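Just the one chain here, laid out as structure tokens, in the form deposited in one PDB entry.
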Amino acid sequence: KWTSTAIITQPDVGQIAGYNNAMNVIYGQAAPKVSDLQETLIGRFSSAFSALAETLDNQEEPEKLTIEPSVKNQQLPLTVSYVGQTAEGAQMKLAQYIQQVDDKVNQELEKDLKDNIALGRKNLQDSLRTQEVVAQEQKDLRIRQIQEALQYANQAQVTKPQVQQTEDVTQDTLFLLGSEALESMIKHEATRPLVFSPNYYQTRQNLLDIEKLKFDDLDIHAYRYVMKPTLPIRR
């Protein structure tokens, strides 16, 4: 029997640059810290590796595949080993299993990214919705204010404007525009498109940018090699 060992750890910032750049488009200032993404990716690799190790052992011809921390009081790196029938085999078989686990995690991350895109899209559409509700409630308040001013202008018998149309009118001074013009305003303000702040148009643009994201455009790795599978020794 022959033992090949390798040392794996979380992927580099450069390896996850794209994945990190996608999470920033989806969540913005709420995007996970680059270090948190690295921990999640190696967590998912470690998970799938343990499942392979437990399955390889539960066979008619069991295969010993291991995973343990390389350093005593440290979470990472991880030492992964395989026991093969030949020296060529133990080393290749360990390298194949590491690649097999990576391919499974890559399929999992593709699904996870789609779920993250959906949540981000939901958060942005919900933002557009509340902003639309406040724009509509603001428009209705203005109409409501002109309708009350029209009542004052009717009692004060103000038909023609007294004020030379001020862009800064108020609930109190509105009646000075006269019945005539206030009736016209209750029409114009009712058909007036909703007024949004730039944040609305930015949220709109953030939503289009999420649509522009692709999984294929990101070469995402769930691990990094510290040491590649070693040439085995007789054991």
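Heads up, when I say rigid core I mean the largest set of C-alphas that superpose within 1.5 Å between the two forms. Note that residue numbering follows the sequence shown and begins at 1.
- Between 50 to 58 and 25 to 33, the higher mean Cα B-factor belongs to 25 to 33.
- Here the stretch with the larger average CA B-factor, out of 59 to 67 and 201 to 209, is 201 to 209.
- Between the residues 85, 147, 79, 162, it is 162 that shows the highest Cα B-factor in the PDB record.
- In this entry, the residue among 125, 116, 131, 157 with the greatest C-alpha B factor is 157.
- When all modelled residues of the chain are sorted by CA temperature factor, residue 91 is found within the lowest third.
- Ranked by Cα temperature factor within the chain, residue 195 sits in the highest third according to the deposited record.
- In this PDB entry, the Cα temperature factor of residue 225 sits in the bottom third of its chain's modelled residues, the lowest group.
- In this PDB entry, the Cα temperature factor of residue 185 sits in the top third of its chain's modelled residues, the highest group.
- Among the modelled residues of the chain, residue 151 sits in the middle third by CA temperature factor in this PDB entry.
The form deposited in another entry exists for this protein as well; it is not shown, and the discussion that follows is about that form.
- For residue 169, the Cα coordinates differ by 2 angstroms or more between this form and the one not shown after the core has been superposed.
- After superposing the rigid core, the Cα of residue 31 is displaced by less than 2 Å between this form and the one not shown.
- Comparing the forms between this form and the one not shown, the C-alpha position of residue 179 differs by 2 angstroms or more, with the core used for superposition.
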